[PDB]
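What follows is a pair of forms of the same protein chain, given separately as structure tokens and numbered structure 1 and structure 2.
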Structure 1
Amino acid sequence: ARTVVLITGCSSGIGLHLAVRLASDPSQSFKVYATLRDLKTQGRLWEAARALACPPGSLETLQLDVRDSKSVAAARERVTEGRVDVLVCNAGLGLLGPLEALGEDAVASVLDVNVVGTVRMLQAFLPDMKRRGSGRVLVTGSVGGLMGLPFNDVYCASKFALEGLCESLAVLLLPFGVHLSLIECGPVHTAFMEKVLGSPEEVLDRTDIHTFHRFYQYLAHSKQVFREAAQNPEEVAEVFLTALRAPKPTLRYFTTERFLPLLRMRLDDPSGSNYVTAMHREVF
């Protein structure tokens, strides 16, 4: 009927805001398929959809576990239009804490969901976009996929991974007509974000007293950055729209130019010592 968009991880954050922003667009040219792991959490999405008065039939919810390829396939078929014009790979997972204190299953989960998950999506929907000779894929990144952050080893690993995966495809898709873009977000006003950060005893028993004291220092400094730089999801969700409408999209979109200074000096010295020292001071 009109631009068919499918978004993953819509139970909150960028995903939820992006879905309603699309569905409630005045032009009414978007049909949105919001995906969620557990449906019992679709409440907030629907409540937000009523707040913005989304016309009936512009928003549909599907249960989709990106950790499972059978659920990825079952979903693709629930797509009545029989076509996907815009795939937004947003499902993500975070992990904070010193490496040694992280469980093995947790580390495997973050990579399975964040990296293998978007690969599974790309596999089930990419072929068709190549046949057509047209398609758009949006992947939500982070500045943590452009530079390493202490205590975010595995999170950064998964996001750094997305940069490599996407940068590789882009080289090959250029002549196929389907465009791929990464949306590099900095912190994004998530009240829950600054509440997850705060793990005293549980962490303290799996690490030494000096790593723990540094963790505290990281938490302290991060909550300061969050409160002084976090942007509104509407500002971020609108960058996706800018990427979505560019006639010839670039590979990377930055929601903010704030962290660009730090990224520069990391590209100025390929050996990485300047960045490692610079970043160590702005956190310790």
Structure 2
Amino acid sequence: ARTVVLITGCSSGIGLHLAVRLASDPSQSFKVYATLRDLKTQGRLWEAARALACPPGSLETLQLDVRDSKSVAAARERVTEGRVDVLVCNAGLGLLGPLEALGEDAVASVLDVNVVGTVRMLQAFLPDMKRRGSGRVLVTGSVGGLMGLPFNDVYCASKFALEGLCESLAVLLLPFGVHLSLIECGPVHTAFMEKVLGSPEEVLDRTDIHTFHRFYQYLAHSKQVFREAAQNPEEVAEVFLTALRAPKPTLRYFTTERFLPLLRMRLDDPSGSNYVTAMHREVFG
């Protein structure tokens, strides 16, 4: 159908549920290109798509690895319509542990995927939206890009980076009639975390005993935050559709109002210490 939507990172979580929520839409107005780093993992996407009854042709899958600009351009070339009306930059990776225990590859990967990957997506797809004078870009955001979290130093570094990247682009884009919005998400049940790490044996080798202990405490605490605040990817998908529907989309959309008070205490105390003291008390006690 008429609105062409291209989504990154659709093998699971937000991306997967958003592709099927769009392709199974009552109005049948979306033509979805669900992109995945590795096409062989598309099984779960179709199982969900078939549970929602997506009309043949409403959903097509492509291989798109955000670390490779040749993969990104190849995917763009497979959009048969020759246009993308809604570009959703969703692919992302986590990175957890003491800063000193993180290796150079892991740090570099996180920045390459979460930041440079988005830049690649935007360089390949913004030109044509500017030429056409229209387009929507939706970026999966995180409360981790709005407030720092202990033992997520590089991950927060990467999520804050998208905030800077998208805000800077948004200031330029108004006059071109291209809208950019971030969908700010808290914890989401998606297996994002399941790969965020483990291996206490190796970690203890890379840091001191006190840091290690504080790490275990952070891990106990995020086990409760996840049970307390994870949302399901279906709920998050609805926030994207809210954004793609608005005639004049705002820069930010929040999927929960839950972390706002905490967010407000970084501003109402500009020195930023109130936040630091409050987050240390919530995490470590």
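Just so we're on the same page, rigid core means the largest C-alpha set that superposes within 1.5 Å between forms. Quick note, the numbers are simply positions in structure 1, starting from 1.
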Out of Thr211, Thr190, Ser71, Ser109, the residue that alone shifts its CA by 2 Å or more between structures 1 and 2 when the rigid core is the reference: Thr190
Core-referenced Cα shift (Å), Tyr33, between structures 1 and 2: 0.3
Shift of the Cα of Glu235 between structures 1 and 2 with the rigid core overlaid, in Å, rounds to 1.1
After aligning on the rigid core, report the distance the C-alpha of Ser199 travels between structures 1 and 2, in angstrom. 3.4
